[PDB]
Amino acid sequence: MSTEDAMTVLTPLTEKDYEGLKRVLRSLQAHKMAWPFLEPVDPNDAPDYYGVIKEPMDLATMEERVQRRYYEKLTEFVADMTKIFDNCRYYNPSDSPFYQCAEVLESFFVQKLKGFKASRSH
């Protein structure tokens, strides 16, 4: 287990950590490929969605959770974010615009998450 891995699993999120998480989340919200994920899926977008997707997630809900200091550990923040992309790929065909955006935006998140973990470790 690496130093960043130990911190990700074990280390309580501080206020300085939250400043970094806020920056990560805002960078996703500003990304060109974030348009599918800014607000909860509307049933009119896909009528069977909420009977299929058990744990919906979106960036506005994450923004609320970040402001309320919902997360105690980085793993929990990452798990909510990963739900956004996993739900999208679960429901949609791979040539859906939503699916293509999930692929790009998740790779962007992974880049930013790595930067955040490094900043936290030094």
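Between two forms, the rigid core is the largest collection of C-alphas that superpose within 1.5 Å. Numbering starts at 1 and runs along the sequence shown.
Of 44-52 and 67-75, the stretch whose C-alpha atoms sit farther from the shown form in 9 other deposited structures of this protein, after fitting on the rigid core, is 44-52. Higher mean CA temperature factor, per the PDB entry, when comparing 46-54 with 84-92: 46-54. Per the PDB record, of the two stretches 93-101 and 24-32, 93-101 carries the greater mean B-factor over its C-alpha atoms. In this PDB entry, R69 carries a Cα temperature factor that places it within the highest third of its chain's modelled residues.
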